[PDB]
Each structure stands twice: as structure tokens, then as C-alpha cells.
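The data below hold one chain only, encoded as C-alpha cells and taken in the form deposited in one PDB entry.
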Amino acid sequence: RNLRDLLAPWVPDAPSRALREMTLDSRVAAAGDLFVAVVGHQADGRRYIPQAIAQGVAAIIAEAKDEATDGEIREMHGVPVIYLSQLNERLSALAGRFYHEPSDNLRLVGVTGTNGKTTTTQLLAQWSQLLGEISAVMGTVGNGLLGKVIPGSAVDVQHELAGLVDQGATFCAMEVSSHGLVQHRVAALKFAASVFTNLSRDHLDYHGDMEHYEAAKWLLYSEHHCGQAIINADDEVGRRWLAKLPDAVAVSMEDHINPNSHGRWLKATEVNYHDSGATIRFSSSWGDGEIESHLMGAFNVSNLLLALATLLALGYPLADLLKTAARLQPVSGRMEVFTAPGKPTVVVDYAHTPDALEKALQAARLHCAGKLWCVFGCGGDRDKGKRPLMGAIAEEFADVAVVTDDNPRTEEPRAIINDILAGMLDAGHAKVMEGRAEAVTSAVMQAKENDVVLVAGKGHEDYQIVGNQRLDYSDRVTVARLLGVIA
């Protein structure tokens, strides 16, 4: 890593210096580092140029605005300070070159939109790896090889991606936040494909406003190497963009494919939702087929179809994708299904807010021939407002509501339950059982074979906080043991 070669595309005849790490943070800038001094939310990094010189940085690259011309080379105390205009906009490209263009050395797929980003990202990584890639994820949860995820600027993005390259990753599925995109955090990444799970947003009912939003986004995406575009056609904005993009792949599970276009497409023709998942029948320009998904709910059909359409576009053969589909697994703590011969189906989900609980019950309902049971509680010593709302949701969207404890902490457990019951029209119809383990047992043992039992609130968060003590407890372990299966 040499400053001269680093800047060869923008600043010719730049001085020759060995560079260690690249950083925006003057506090961690150490000997031999490249310090990068940028202007942000009224925060000017050029302030700290003396500190960085004092700490022995080999070189500095600094925002040119109001201080220098673009490509201007200065020398402070033997340390080269090179100024560049629009540094924030160029940071990704610069870091890219510094870290030897990691996005040119694996297959990078970007996923954008509000819903289904996290799951679609995971499914891409999982499926690609089943087909022989060594896959990785970059997201909000964290970054890393599949199964070894570790819990942010344009530089960190490139640095992390290089780290994955070094660890042997050949495929990376990356969640791209709306804000990250706008701040140019992924500006120079070479995406092999871009998945748009949805393009719509609230608060745009002025015809003017939707126009500005779309124009801003379209401009933003026009500046990126998006690669193959995979677009959810069950989105209003998605459909409009598809009409302007003849090489984009249209994906639908609500019949929004127009065959007159002769573009590439994939759609679900029918879905049988049953106890263990979904049998998804689909047609596409690559051909037709049937997938046995072990994921629950309609959203996860869409997520899976988006991942499929993407991998098909990237050239993975339909036959191999179909052959590996039954091995796709739920995202940890997210609608994880447990089945056993002659026993009720049990779903463990992290849902701990009114909206998440409603969504989980709606999804579980699709797989439920009999009665839908809901076992849940609310956290103690936290905001109480959600309690009656979660009560009302359980009463409305499930057939049997079993109210129990969920991390009561120092608060009187029964007081929490009362707050939940307060929100119901017919509190007397709820079952209350304290001991969460006992409540789960009560549901599972009483539920019929064609019933579904949703155990909500914890997901994979395997403890029960009672008083000060974090007790060992797991919904997954309890359920598995009751069903005679292995968690």
C-alpha cells in the first residue's frame, strides 16, 4: 500500500510513502497510517491534522473546500497533506483502491428497501453457499462469513469487505441502508446485482413530493454500479421503475408480471401454506418449478422468490437452486418452526412489539388448519404502553391467548400481566399462566395436532431475567424437548 499508487488515478506525481491503515479517526491514527480528514455534520476533520502528524501518520488526505485546490500537494513537518475536492463523494473509491477493490474479487449483491432486506440478504448468502460459494453477510445485525457474524463510513465498508475477501469469501450479500446510500457509503462498490425489495415510502401523497423522491433516488442509483436489477413488482414504485428498465428482472407473488414486455420475470403461481412451511409453485423466463420452503408466512415467500430470481440472473442453474431449496433455513429467532409427528406445530419468534406480534400471528395463521395459540408476555421495568396493545393484538389475531412472563426484572410479574389483560375486550377469555416454561408447556400439551402455537418475545434470546438474575431458559430448548426433537 503506497500513497503514490493510491492516488495515481487522481493526483499524478504524489509522494511515495508506505501506508499502514486508513482512518477517519485522529484518536486511533497511529504510526504509518493514512489519516483522512473529512467535513461532516459541521464536524471538520482538518482540525486534527497536527494531532495526526504528532502521532506519526505517514500521510494525510484532506477536504479541499475553502483551503486548497483539488489535487494540491502540501508538506507539513515531513508529512504529505494532499487535498481533494468532494472528498465525501470520493471516499468509497479511494478506500476501494486502498483495499485492492474487494468488490471486484467476490460476487457482491446489494439489497435495498424497508421490509424483507434482512431475510432476503440471509437467504442469498445461504443459497449461494449451498451451491458451493463461501458466502458472507454485511448488515445491521453484523458482518462475517455465514454462521460467524460479528455484531460506519465508506472506509469501514471497504475495509470489512476486504476482510471477508481475506477470509476466503466468494459471495457477499449486503444490506444497504437508505441513509448509507445517500451518504455515498457504497458509491464505488461493484454490485453484481441489486435487489429492490420495495421502493415505496410514506408521506409522499403530494404528486410533487413523490416526483422529487423518485428523482432523487433515480439519480442516486444512476451513480452506482448496480449490476443486475431485481425488482419487487408487488410495489407501486417497483412496477414504474420496471417499465423504464428493460433488463431488470420483475418478481411477483400477486400477479403483477406483464408478459407483453418480453423481459425477464419470476412469479409465484400458487402457494400451499402447511404445518412445516410452504410449497411454492412458480413460473419464470428461466423455466418453472416447485420449491419446498421451510420458512413461514407470505413475506418469506416473497423474500425467497427475490433471492431465487437474483441467483438465476447471476447464472446459477435452476436445477441446482431447486435441489438446494429445501435446505434453506429461517433467520435466527424469526418465525422458526418446530414440527413433530402427531404434535401441534410450534413457531418461535422474537416479536415483542404490537406490530411484530400482529405480523407473526398473521404469518402463523396461513399455516394453521386448526386453532392458533399465542404465548407471550412483556418486559418489566420498561415502557408499559405496549402492554394493552399487545393484549388486544393477541386477542384479535389468535384463537387462544396464553399470557405469561417475559423478563419481568424487578417489577411484580402479575402487574405486567394485568396491564396486558387491560387491553383486551374479554380478558376472561385469555389464559394466564406464570412460569413461562409452564405456560409454553400448557399450550403445547393442550393444542391439537392441526393447531399452531406461536411462542413470542424471545426468539434466540435464551434467558429469563427475574429480579437481577439472568436465569438459563430457552423457548427453543423448551419447545424442542416437549416435541421430542432437537433444537
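Note that residue numbering follows the sequence shown and begins at 1.
Keep in mind the form deposited with a small molecule bound is missing from the figure; the text below concerns it.
The candidate stretches are 412-420, 392-400, 88-96, 223-231, and the one lying within 4.5 Å of the small molecule in the entry with it bound by heavy atoms is 223-231. With the partner omitted here, the residue from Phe338, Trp373, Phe196, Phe282 that has a non-hydrogen atom within 4.5 angstroms of the small molecule in the entry with it bound is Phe196. For the candidate set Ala278, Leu146, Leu181, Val165, a heavy atom within 4.5 Å of the small molecule in the entry with it bound is found for exactly one residue, namely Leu181.
Although the partner is absent here, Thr112 lies within 4.5 Å of the small molecule in the entry with it bound, judged by heavy atoms. Heavy atoms of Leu245 reach within 4.5 Å of the small molecule in the entry with it bound, making it an interface residue. For the chain shown alone, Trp241 is a contact residue for the small molecule in the entry with it bound, at least one non-hydrogen atom being within 4.5 angstroms.
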